[PDB]
Amino acid sequence: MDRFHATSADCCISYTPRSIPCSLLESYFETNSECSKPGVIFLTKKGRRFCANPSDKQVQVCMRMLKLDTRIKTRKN
């Protein structure tokens, strides 16, 4: 990690080390695959988003919730 320019990074350089629940989030997206170190970014309802590993069980359990498919299409929001 040789980032010596301001503090505005683009790829994932730190994953929130906390078992945050999906209900405590609003949406999420994937970083650019062009980034050597890609990852998932979860956005909270406090305008705060961080990086997250796709290997976390809480991450896959939250994606199935924010996903537009969910499972059998139940409600909307």
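Cβ placement follows ideal geometry from the backbone for every residue including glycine, while neighbour counts extend to all protein chains displayed. We did not get these values from a lab; they are worked out from the coordinates using the rules stated.
General remarks:
- Sites matching trypsin sites (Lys or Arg not before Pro) across the chain that sit in DSSP coil, with at most 14 neighbouring C-beta atoms within 10 Å: 3, 18, 45, 46, 48, 67, 71, 73, 75, 76
- Here the 3J(HN,Hα) profile of the range 10-25, calculated from phi with Karplus coefficients 6.51, -1.76 and 1.60 at θ = phi - 60°, is 10, 8, 8, 10, 5, 9, 4, x, 7, 7, 6, x, 5, 4, 8, 10 Hz, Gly and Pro shown as x.
- Amide H partners (placed H, <5 Å) of residue 26, local residues excluded: 43, 44, 45
- The chain: GluC sites (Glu not before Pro) in DSSP coil with no more than 10 other Cβ atoms inside 10 Å: 34
- Here is the list for the range 1-65: chymotrypsin sites (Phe, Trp or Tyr not before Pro) lying in DSSP coil, each with at most 10 other C-beta atoms within 10 angstrom of its C-beta, are 4.
- Expressed in Å, the radius of gyration and Dmax of the Cα atoms of the chain are 13.8, 47.
- Seen against the Cα atoms of the chain and their longest principal axis, helix 57-66 is set at about 60 degrees.
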